[PDB]
Amino acid sequence: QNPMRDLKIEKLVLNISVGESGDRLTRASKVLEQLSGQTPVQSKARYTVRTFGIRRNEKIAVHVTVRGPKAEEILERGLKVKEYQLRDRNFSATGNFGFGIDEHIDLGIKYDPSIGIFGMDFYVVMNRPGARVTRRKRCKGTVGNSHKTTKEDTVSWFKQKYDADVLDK
Amino acid sequence: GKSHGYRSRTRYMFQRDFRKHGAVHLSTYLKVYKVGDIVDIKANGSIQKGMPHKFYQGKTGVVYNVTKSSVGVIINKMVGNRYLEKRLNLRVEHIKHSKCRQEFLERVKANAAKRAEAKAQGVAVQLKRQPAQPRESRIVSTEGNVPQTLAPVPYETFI
Amino acid sequence: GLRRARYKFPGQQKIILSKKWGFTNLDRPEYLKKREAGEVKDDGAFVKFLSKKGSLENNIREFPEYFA
Amino acid sequence: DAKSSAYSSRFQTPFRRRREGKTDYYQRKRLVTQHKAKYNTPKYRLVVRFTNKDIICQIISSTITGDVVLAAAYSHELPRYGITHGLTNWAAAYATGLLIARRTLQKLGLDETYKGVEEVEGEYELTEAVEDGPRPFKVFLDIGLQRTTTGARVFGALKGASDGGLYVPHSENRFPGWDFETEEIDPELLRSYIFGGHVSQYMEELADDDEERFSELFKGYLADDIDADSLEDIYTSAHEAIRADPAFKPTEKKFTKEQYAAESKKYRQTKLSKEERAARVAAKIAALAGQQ
RNA sequence: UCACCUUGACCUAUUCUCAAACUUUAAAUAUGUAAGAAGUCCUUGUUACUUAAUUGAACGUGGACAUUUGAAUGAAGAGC
RNA sequence: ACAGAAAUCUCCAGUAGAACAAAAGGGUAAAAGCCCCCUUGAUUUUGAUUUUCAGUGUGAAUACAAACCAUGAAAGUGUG
RNA sequence: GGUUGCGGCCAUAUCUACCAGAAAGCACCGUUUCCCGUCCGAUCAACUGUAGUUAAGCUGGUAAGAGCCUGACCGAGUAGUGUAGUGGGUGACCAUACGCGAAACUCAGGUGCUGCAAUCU
Ligand SMILES: [Mg+2]
Ligand SMILES: [Mg+2]
Ligand SMILES: [Mg+2]
Ligand SMILES: [Mg+2]
Ligand SMILES: [Mg+2]
Ligand SMILES: [Mg+2]
Ligand SMILES: [Mg+2]
Ligand SMILES: [Mg+2]
Ligand SMILES: [Mg+2]
């Protein structure tokens, strides 16, 4: 259509929600450090319920956000784990997608003190060129209806390059 | 017991005038107040400093002192059987000019102007205002306007 | 049936034969000229009316016997 | 979705230039509101806005009917001062900041007094009042919606007009050269940025990294072979030309405003009247419900 | 059933009835101020305040205007 | 993925339907709220003012002025 | 007339859907050594207008659009209310006399105006 109307990655985000904090979640940070190459950021707890065992403001999770050429070399490290098979779900109506895998971690060896498993939540945010207008400070606009990302235009993009197939098992 | 605080019974008075909440528009801060100007006191609830007491909302007075963001306004307050001079330190965003005094001062410029061509000729130009005088003679025509109305209507319930 | 219901009430009550059509706010002939015309269509308990206002597509979606 | 009728009726819109994301009215009030015993004294501010491919710089006081521009400068008139490229770098901000100072002072007649800092060193210097002369033209910095960051170009004209002879009150800690470790400006580093040092060193390390990016970037510079070191004399050739003639040459106007209008009055759509909007709805009944 | 006369709420358009401690609106009565000589206009004098700047500010000199001098009615003397 | 109705992550809608120590009312959306940085103006000195009012006192508050600081690029703001 | 910067009044400017924009400006957009900031050059900072584009922003039009704005002898001189009577009525309340006078509804019309600067086949 337009050379500025082509679906792009914005950001891949890598989530692990540990049910506790302490010695365990430092290792959950280090596994998500080496996948990204970036130092990762922790997330606290929004509240406490006395039924899930997590207490408010105790840093019970990690995530990291990767953008650009580095981010497109992390997707396929979890896509062959997922066997290139996404479902009728996994897709937002806004045009993004993600999935949840476990234990790819044989690839990317550090010293590897193998005590534990860290499953991890893939999610990627799609955009198009011109997404600056919502995040820039001055004249903070809104993306129009035509140029906004849709659920179809990303499942028409996933069945494009990265060559997968959808809804099946 | 009974409550007689400063902002007591000010529930609707200091309210913010539907769909005109938010910031104070900048013409309020660009208005110029000189000593002797006659100003209407209307408290803006969104500014809590320099805010007049509830007695002075809607009162009109004369600027006597000018400080950085505030005018000093003199109000006459009836206390018992006499009036006492009240001196109020109000910031200029509770204050607007009285539009009557702009209407007066143009009439002063008008009466000066109308008396000028009273000095060219024809003295005593009759420049005082007069009330609504009684109407004069008329002759009401009927061409195309013949007088017609019928009678009072009967009683119907029309539910 | 309403004359017997007066006795259960204090005060004084009247039996006014209304000139409206049923539980509506328009008279019997005014409701008729709205009825051969297409500004009248059924609801659950009441009747919806057509206006010269709003989108023409919604004036077509509901009320399609009109514009004939 | 579903912005209902009760939602729209109760919505209070932001002003227009809060709805345009173009004005902070929180900052505007504090910049503009004059001391009331300084009755009609206009409080002047230095507007420094940075767009893509331009620097816009103005001297503005405020009236009730709207703002008033005393003196304006642009970086797109730097071509006649000898700056044909680098019009949104840090140093054209100094160049526009220097020009708007010297354009204002000759406009107000105070140009011979208050020459400012003549030879530029990047010493943190403030315009001092001449004793038994007029006070210098007090103007405050409006950075607008841009962020106060150490080394930003919005503080480029802050050094540009302070040395240009305008009394702009400031600290120095947003110039290139401040340290969070030692609370002290680095005047040697700041001396580079005014004369385009931070642009000039990038050429000399792109001389030694790759000619690929040195052919994409500075592609204009390759075409007219300005030396990688010759920037400091380009800017001095303009910093002298500004103080020689800041007088605001206008431009040609080139098919003037009466025929500019009719040139841009043939691509603007016409709002209709009732007689055709009724005709369109009268058409739309036969179009939508003409029994197929 | 292992997509069904015997679905609850929820959403959309309707409908009847209301509010001292609800409200977009909004009276009547009551209420503040103004309707000038302590005024207006012109000239420009002072200052340590204020202005980039006698610029403003405030108070003035000198000059211009006299009772239709700046609505109505009254005033019984006014002020202390 | 575990993970469900509620763990974290991501987008869309969100005029405030939240929050602002404590009741209720008022006020607030590039903030008065949330996060971060710096600080002690919750300072000194004397008058003026507002409310309760006898125009006494007490308490609370508003605007200044001389300082001295904080703060910020700055305009500013701060006498809890 | 367009556009940009700074605005004034702050929806006639807002919101929803669809369609156009010549030039110019604006924007998206290219890169990360430096100043600077981040989990991450998306924000922010810095750089060249260089690789490209009007796709978005943005402006404008369309809509028996929602909303908003104005007017009406539209409701309606209505509801309410001031004043008066040794008026009515058992009372509740009501009628009259001299005045003041809405709102909701309903139709009609509209959909930013303007200031300072600068530039634009
Ligand atoms: Mg109380
Ligand atoms: Mg700011
Ligand atoms: Mg009551
Ligand atoms: Mg009353
Ligand atoms: Mg609290
Ligand atoms: Mg409360
Ligand atoms: Mg007390
Ligand atoms: Mg970038
Ligand atoms: Mg009597």
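Heads up: the protein sequence lines correspond to chains E, U, V and F, in order.
Numbering-wise (our numbering), the first sequence opens with residue 48 and increments by one.
Numbering-wise (our numbering), the second sequence opens with residue 27 and increments by one.
Numbering-wise (our numbering), the third sequence opens with residue 1171 and increments by one.
Numbering-wise (our numbering), the fourth sequence opens with residue 32 and increments by one.
Yeah, the Cβ is synthetic: ideal placement off N, Cα and C, and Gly gets one too.
Taking non-hydrogen atoms of ligand 2 into account, the C-beta of F/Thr-179 is found less than 8 Å away from one of them.
DSSP, reduced to helix, strand and coil, places F/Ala-132 within a helical segment of the structure shown. If you draw a 10 Å sphere on the C-beta of U/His-30, you find fewer than 16 other C-beta atoms in it, and that means exposed.
Close partners of F/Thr-64 in chain U (Cβ separation under 7 Å): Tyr-55. In the DSSP assignment, U/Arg-117 falls within the beta strand (DSSP E) that extends over 108-117. For E/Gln-89, the secondary structure class from DSSP, reduced to helix, strand or coil, is strand. Spanning the alpha carbons of F/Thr-180 and F/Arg-205 requires a straight line of approximately 6 Å. At least one CB atom of chain U sits nearer than 9 Å to the CB of F/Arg-59. Runs of the beta strand (DSSP E) spanning 3 or more residues and lying entirely within the segment 119-167 of chain E occur at 144-148, in chain order.
Taking the CA atoms as reference points, E/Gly-115 sits about 36 Å from E/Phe-99. Neighbours of E/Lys-184 in chain F, taken as residues whose beta carbon is under 7 Å from its own, are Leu-176 in chain order. Using beta-carbon distances, E/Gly-142 does not count as an interface residue toward chain F, since no partner is under 9 Å. Chain U places no beta carbon closer than 9 Å to that of F/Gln-89, leaving this residue out of the contacts. For F/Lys-53, the neighbours in chain E by C-beta distance under 8 Å run, in chain order, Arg-185 and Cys-186.
Residue contact check for V/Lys-1218 against chain U: no CB pair falls below 9 Å. For F/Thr-72, the CB contacts under 7 Å within the same chain, skipping 5 residues up- and downstream, are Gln-65 in chain order.
With fewer than three CB-CB distances shorter than 8 Å, the segment 157-164 of chain F does not count as touching the segment 159-172 of chain E.
Interface annotation for the segment 304-320 of chain F against chain V: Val-312, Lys-315, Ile-316, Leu-319 and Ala-320, criterion Cβ-Cβ distance under 8 Å. Excluding sequence positions up to five before and after E/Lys-77, its CB lies within less than 8 Å of the CB of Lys-157, all in the same chain and listed in chain order. In the structure shown, F/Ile-316 falls within a helical segment according to DSSP collapsed to helix, strand and coil. Each residue's CA atom was taken as its position, placing E/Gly-188 and F/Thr-54 some 14 Å apart.
Taking 8 Å as the Cβ-Cβ cut-off, the segment 1171-1186 of chain V approaches chain U at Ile-1186, given in chain order.
About 17 Å separates the CB atoms of F/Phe-171 and F/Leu-139; that is not less than 8 Å, and the two are not in contact. When the Cα atoms are used, U/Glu-119 and U/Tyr-55 turn out to be separated by approximately 7 Å. With a cutoff of 9 Å on beta-carbon distance, F/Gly-195 and F/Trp-121 are scored as not near each other. In terms of side-chain proximity, the C-beta atom of U/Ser-29 is found nearer than 8 Å to a non-hydrogen atom of ligand 1. Remark: the C-beta of F/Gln-58 is in contact range of ligand 2, defined as less than 8 Å to any heavy atom. The beta carbon of U/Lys-125 lies closer than 6 Å to none in the same chain, with the five residues before and after it left out. In this structure, F/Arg-244 places its C-beta atom within 9 Å of the C-beta atom of F/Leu-237.
Counting along the chain, U/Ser-95 sits inside no alpha helix (DSSP H), nor does DSSP assign it H or E at all.
Not one heavy atom of ligand 2 lies closer than 8 Å to the C-beta of F/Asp-241. With a cut-off of 8 Å, the C-beta of F/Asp-55 is classified as near ligand 2, since at least one heavy atom of the ligand falls inside that distance. From the beta-carbon of U/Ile-185, the residues of chain V found nearer than 9 Å are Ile-1186, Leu-1187, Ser-1188, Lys-1189 and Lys-1190. DSSP, reduced to helix, strand and coil, places E/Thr-112 within a strand of the structure shown.
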